[PDB]
Amino acid sequence: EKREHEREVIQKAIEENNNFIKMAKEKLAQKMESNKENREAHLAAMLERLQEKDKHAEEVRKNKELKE
Amino acid sequence: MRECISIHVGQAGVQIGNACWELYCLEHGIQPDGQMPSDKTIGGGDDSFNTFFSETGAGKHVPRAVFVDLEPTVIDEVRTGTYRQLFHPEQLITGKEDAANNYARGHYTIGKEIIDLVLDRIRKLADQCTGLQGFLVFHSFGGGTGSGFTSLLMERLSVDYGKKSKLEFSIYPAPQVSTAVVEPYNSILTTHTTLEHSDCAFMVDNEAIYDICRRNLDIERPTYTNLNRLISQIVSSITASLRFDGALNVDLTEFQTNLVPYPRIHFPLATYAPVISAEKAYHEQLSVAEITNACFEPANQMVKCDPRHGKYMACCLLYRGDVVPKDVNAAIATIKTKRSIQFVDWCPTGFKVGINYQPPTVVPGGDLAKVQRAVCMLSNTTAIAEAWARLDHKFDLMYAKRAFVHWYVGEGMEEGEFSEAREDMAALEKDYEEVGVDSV
Amino acid sequence: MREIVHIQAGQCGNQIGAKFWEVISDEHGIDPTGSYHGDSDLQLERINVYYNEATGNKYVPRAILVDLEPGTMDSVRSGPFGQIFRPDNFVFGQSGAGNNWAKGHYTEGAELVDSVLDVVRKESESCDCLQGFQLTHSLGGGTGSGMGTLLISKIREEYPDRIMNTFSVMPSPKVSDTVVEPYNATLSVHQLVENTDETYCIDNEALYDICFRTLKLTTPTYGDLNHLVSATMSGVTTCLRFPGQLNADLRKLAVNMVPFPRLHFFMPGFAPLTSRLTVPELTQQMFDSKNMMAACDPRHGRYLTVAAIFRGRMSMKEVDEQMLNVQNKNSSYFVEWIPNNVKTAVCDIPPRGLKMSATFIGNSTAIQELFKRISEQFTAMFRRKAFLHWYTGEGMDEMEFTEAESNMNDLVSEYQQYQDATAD
Ligand SMILES: CC[C@H](C)[C@H](NC(=O)[C@H]1CCCCN1C)C(=O)N(CCCCC(C)C)[C@H](C[C@@H](O)c1nc(C(=O)N[C@@H](Cc2ccc(F)cc2)C[C@H](C)C(=O)O)cs1)C(C)C
Ligand SMILES: Nc1nc2c(ncn2[C@@H]2O[C@H](COP(=O)(O)OP(=O)(O)OP(=O)(O)O)[C@@H](O)[C@H]2O)c(=O)[nH]1
Ligand SMILES: Nc1nc2c(ncn2[C@@H]2O[C@H](COP(=O)(O)OP(=O)(O)O)[C@@H](O)[C@H]2O)c(=O)[nH]1
Ligand SMILES: [Ca+2]
Ligand SMILES: [Mg+2]
């Protein structure tokens, strides 16, 4: 029974070390994915707002040519 | 064997890096070209200095070190400086555009473009090791690379190296030399992210080193060069255990056992003595009792806090030079008799001691006197929490208004990471309070 | 290296632009031919920031010269320093501007705009590591204001992750009789609050009052005003141009100076004021209303952030003591909820004619006084529709004036919000 317990201890040590590596790897994967999509969302909104300025700037130039 | 790989991240880490290696070369009799005349085993060996230096067949002794910065200026000075021959070019890694004092750019935006390259070069050093002990990480809390890139690196090292030991030397920010209003944000973010990944971290308060330079070395307005030479001595005393051998040398891992009662309580306070000018050290022999007693004066600490208003959970004393056991035993017995040091009730009142006989060295044209003997005390005291408290307060002041947060949100971070990081620091401050309460 | 790309637009923009290049060229030891004749390696170390390197060891400003009038760009070529600029960087119009923002932003400016971008694109593409862009202009005219802010917007599309920096000259009735400038300025601030990272507020009301009251010039010229603008511009770009730790690039400066993204309008200052001191005096003069290039009393608000650059051979211990002194004695005027919000740099190399000098860069809530002044003038004519046909004629709606007014007054509210906030 003492030999089975010695085995169980060394397996627990290996398993906890492996679980720590695993969670570090998952937590880091979800952080970097979350950051990428957040940053792309912020630049998309920046340029989609700058493109609304281009639509408005052509409405101003076409409104001029509707005073002819 | 028991090799250590040193990693120097960002300006602070790199420049403290230069001072440390320069100092190690002078201590081991290694020249700026890497040749070491006193070493008769050419090509390799397992002498104590081989924990920090590998060896080429050509007789060159090469630091087991990677230097990383997201910006080429500081490392370019290493690449063309006095010690350029010491390092292989692959050990000196640089990007183009820095992290702009933003944790988010160091960890996510800019940092991710160079992280796989850095692990590659670290792996090349690891594959040269017969029995890798672990890593020493040098970095600022305040900078964007020092905070953000170091965090990323630490997370990745835990994945790629399991539980190999990882020690930090972390530069804690001071108003006298700071270059960023957001340093408190970066300090809290990196401390939170790194806490689970670091086995032992030595904080170096720049304000403390600044004061020691002013007060003890008569330096008017200290520069990084001044600060760094003194930091190097303290780092040298801590690593001395690994780099030398001797009958009374206690290894850094043994001090670690006494210093870390619980995994999160891994921030030892370092105190160093004597820090004295050549002019004052003339016709003045400072005894073992004198320098030991100087470890309990808070003016000589690496972090500004007061251990006399806290409780010790460990006390380790790392002597170097002309020091013999009789003198050390007598000095520590005086500390006991006089008291002035309360331990928590759950901790034995021990003083774990080591001695290396090689005396302290100084760099040419430095401020420090060459003394016969020196000591670095490493203590675990509840008072170190004061450093977190000061920083956590500055964090709160700005974060209640969300001041500067848009710079972090703009690089992909959420407010959730800030408040999560601050909760972990609140929990850390409570841990240092809890361990200091007496048992029922 | 960290390259900046300079743009000067309109009459005012090209005057202060030209004089900026005179002053910093003298400092780096560059003569009008573009050759180095100096004595110090520190002059060249960060020369790539503003100058391209050419064949035959020469140095060319990374500068793009723009205006809708062809005349001002002849006068740039004329006055020595002028044969230094790159000939194909000169992008000129024909019609001229007419102090009409709509013309500069929508019609006449839009036609010329792509010719400017092509030059910007050529300069930007051979940069090793581009920091971003520096525009000099006035907000009272038509080209510098309307086409300048169009330029800014069009450069953000193609370089969204670079820094956009402006030196924006604000209109004063004391300097210009043009009635329509409150409209031009308000419309320009509407653009700047959204599309720039950091804007230095060069205020002609402040510049005239320094020249008339302090300097005692009974009839001040544009050249008298621009001597003050060029002193400021040398001063606030010192950290970008020489080696150092503090605010050494445009992004690091922004991160130290801009706590909230809309609040990026700085209030520069300078001592000594001159025409053509000890560290305690320099330090006192910096935080005093008389020395500010915006017409705002800093003791009517609080400073969110501050940068202080001291130039000359002085004691760094003395500078540290005085900057601590000034914060202790003026603590109320620094927001308590941003700790360590005053940063200090010291540069050994002084400017021309002085042996020591100080430059000040303040993000002050008192800057609202500038925007209120402009907003009172704007609304004085907008409540009775005066001269709107100039703008409606080019196709603008009456609602774009309302939206511009409303955003500038929001900006005033936001300055007041953070002025009144506390640590509690
Ligand atoms: C009564 C006319 C004078 C000349 C005018 N004052 C006013 O308009 C007053 C009176 C009514 C109440 C309020 N206004 C502002 C004036 O003194 N001005 C404005 C000029 C308006 C120009 C017209 C065409 C709209 C001053 C500028 C004027 O004196 C000039 N300075 C220069 C000038 O600086 N020339 C330099 C070169 C230069 C040329 C053109 C530039 F745009 C800039 C520099 C060289 C000279 C030698 C120097 O170094 O000072 C050219 S014209 C202001 C600073 C108040
Ligand atoms: N002791 C010491 N501190 C330094 C040194 N260089 C910078 N610091 C401190 O480190 C912090 C600034 O961070 P840096 O290390 O310069 O920044 P970085 O890691 O290069 O990050 P980025 O520049 O943002 O990419 C401030 O608190 C400085 O006071 C140094 O050589 N020695
Ligand atoms: N400080 C200063 N202000 C100027 C200068 N030239 C014009 N201004 C001001 O700029 C505004 C008109 O802008 P201007 O550059 O002439 O218009 P543009 O033709 O559209 O570029 C007015 O408020 C003038 O007082 C100058 O050289 N220095
Ligand atoms: Ca050997
Ligand atoms: Mg850096």
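Header lists the method as X-ray crystallography, 2.6 Å.
Cβ from N, Cα, C; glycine included.
Pulled from Swiss-Prot:
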type     : residues                                                                                        : note
MOTIF    : B:1-4                                                                                           : motif 'MREC motif'
BINDING  : B:10-12, B:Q15, B:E71, B:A99, B:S140, B:143-146, B:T179, B:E183, B:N206, B:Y224, B:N228, B:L252 : GTP binding site
MOD_RES  : B:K40                                                                                           : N6-acetyllysine
MOD_RES  : B:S48                                                                                           : phosphoserine
BINDING  : B:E71                                                                                           : Mg(2+) binding site
MOD_RES  : B:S232                                                                                          : phosphoserine
ACT_SITE : B:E254                                                                                          : active site
MOD_RES  : B:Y282                                                                                          : 3'-nitrotyrosine
CROSSLNK : B:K326                                                                                          : ubiquitin cross-link
CROSSLNK : B:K370                                                                                          : ubiquitin cross-link
MOD_RES  : B:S439                                                                                          : phosphoserine
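Taking the features listed in Swiss-Prot, we show where each one sits on the structure.
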residue	record	Cβ within 10 Å
B:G10	GTP binding site	30
B:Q15	GTP binding site	24
B:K40	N6-acetyllysine	8
B:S140	GTP binding site	31
B:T145	GTP binding site	33
B:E183	GTP binding site	28
B:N228	GTP binding site	24
B:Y282	3'-nitrotyrosine	9
B:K326	ubiquitin cross-link	9
B:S439	phosphoserine	6
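Contact annotation for recorded positions (B:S48, B:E71, B:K326, B:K370, B:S439) versus ligand 5: B:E71, each with CB under 6 Å from a ligand atom. When the neighbouring Cβ atoms lying within 10 Å are counted for each of the recorded positions (B:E71, B:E254), the highest count belongs to B:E71. If you compare Cα positions, the residue listed as 'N6-acetyllysine' sits closest to B:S232 out of the recorded positions B:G10, B:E183, B:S232, B:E254, B:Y282. Each residue of the motif 'MREC motif' (B:1-4) gets a DSSP state, and the totals for helix, strand and coil are 0 helix, 1 strand, 3 coil. Annotated pair B:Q15 (GTP binding site) and B:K326 (ubiquitin cross-link), C-alpha to C-alpha distance, rounded: 39 Å. In this structure, the modified residues under consideration are B:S48, B:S232, and the one with the smallest number of other Cβ atoms within 10 Å of its Cβ is B:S48. Residue pair B:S232 (phosphoserine) / B:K370 (ubiquitin cross-link) shows a Cα separation of 14 Å. Checked against B:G10 (GTP binding site), the recorded positions B:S48, B:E71, B:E254, B:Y282, B:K326 differ in C-alpha distance, with B:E71 being the nearest. Annotated pair B:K370 (ubiquitin cross-link) and B:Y282 (3'-nitrotyrosine), C-alpha to C-alpha distance, rounded: 10 Å. Rounded to a whole value, the Cα-Cα separation of B:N228 (GTP binding site) and B:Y282 (3'-nitrotyrosine) is 24 Å. Residue density at B:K370 (ubiquitin cross-link): 11 other Cβ atoms are found within 10 A of its Cβ, drawing on all protein chains shown. Checked against B:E71 (Mg(2+) binding site) by C-alpha proximity, the recorded positions B:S140, B:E183, B:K326, B:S439 yield B:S140 as the nearest.
The recorded positions near ligand 2, defined by a Cβ under 6 Å from one of its atoms, are B:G10, chosen from B:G10, B:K326, B:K370. Taken residue by residue with DSSP, B:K370 (ubiquitin cross-link) is part of neither helix nor strand, so it is coil. Separation of the C-alpha atoms of B:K326 (ubiquitin cross-link) and B:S140 (GTP binding site): 40 Å, rounded to the nearest whole number.
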